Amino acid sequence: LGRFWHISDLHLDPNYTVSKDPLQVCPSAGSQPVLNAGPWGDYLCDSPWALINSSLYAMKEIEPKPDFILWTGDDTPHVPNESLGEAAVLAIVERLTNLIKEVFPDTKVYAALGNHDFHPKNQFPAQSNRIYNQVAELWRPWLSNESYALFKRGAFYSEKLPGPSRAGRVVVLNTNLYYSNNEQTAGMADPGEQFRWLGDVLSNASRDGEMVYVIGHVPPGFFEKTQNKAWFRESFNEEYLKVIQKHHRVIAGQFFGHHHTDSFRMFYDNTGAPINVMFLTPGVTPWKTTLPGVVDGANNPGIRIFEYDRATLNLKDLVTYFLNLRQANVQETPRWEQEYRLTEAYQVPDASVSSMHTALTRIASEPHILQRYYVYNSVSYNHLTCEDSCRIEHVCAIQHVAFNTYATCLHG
């Protein structure tokens, strides 16, 4: 039984300070007063360095020897571009990289850039640039030579699983190329030829008898905390769905972030059969989001471990851990606790496609399972009841990655 960590959306705020001025605690809160900020963070702020360091050492305490770590980006704070140049972005990425290397010196990391890991934010080019080159240098110890060249060109690559094993491969995507706010790829059908490349990779895996873990930052489909918010341009969404529908037999799981909230996405074929599942891991940052439509969109800091079969890559379980920031901010040393274990939370035998489909049906049909899922969705920050509209938003987001099916589900 192997284990691997998944962390995402650390969103370091370099300027977080416990200030008596509510408006000078953290630039990531904008003009929102931050009253009684604590040393481990604030729900209105991105992560202080203390919080990120705490998350890494909590991972080390819980499991110091993972098979590997998946890290899906977003290292910089939610601030105006003018406050955050390219040098600062690269320095922040390097500092988080070096922290992971120092806490887990000998552990392979599969790292994907998040939409904030660029200057200007979200403007990911479909070609090589200074940031891709420097980050390729930073992550070079985890990259094969082919992966190094590929990352320099488009920040995507495919790496063997650690050790001698030829079971399994991790495909690291740069899905920031598909975010609608990315003007660098507007008018591009297959930016960086990623989709084509991905198809080839998956084909090779089927030829070679490998299973694949696909990771990326920005997921296809919709954001469960509001209605009709998708990140991918529609054509990119459709292409990603086509890729999954063709190659689901070699994909043992998908792992993404960018929501900061805990949810999952099911993929179905045209017969209704469940064919794949994507796990949206929560963020370390607790930052209350400024996205229109979302109310009280903060979360507790979360980290996640997966238990998997090394021979087959079958996902056996996941365990999500969290820091109750309200409690941690009055304590000498913050202690992370198990938030939940998937199989226990949803009464399913594993984290496979069938099990995740069962979990979705339970969420959609049983009020206490829906409430359990909803509390975990904010990493146990928001304990209010998920009523009918909330239920529909979450069920439709989980069940429908396609635009048309999601909207029709929303009609309900």
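All residue numbers are counted from 1 along the displayed sequence.
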*Which is higher on average in the deposited entry, the C-alpha temperature factors of 35 to 43 or of 344 to 352?*
35 to 43
*On average, are the C-alpha B-factors higher in 155 to 163 or in 171 to 179?*
155 to 163
*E94, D74, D262, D106, ranked by C-alpha B-factor: the highest one*: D106
*Among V214, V295, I305, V284, which carries the highest Cα B-factor?*
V295
*By its CA B factor, does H6 count among the lowest, middle or highest third of the modelled residues in the chain?*
lowest
*Relative C-alpha B-factor of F223, binned into the chain's lowest, middle or highest third*: lowest
*Mind checking which third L12 falls in for C-alpha B-factor across the chain?*
lowest
*Would you please rank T385 by its C-alpha temperature factor against the other modelled residues of its chain and give the third it falls in: lowest, middle or highest?*
highest
*Place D117 in the lowest, middle or highest third of its chain's C-alpha B-factors, as listed in the PDB entry.*
lowest
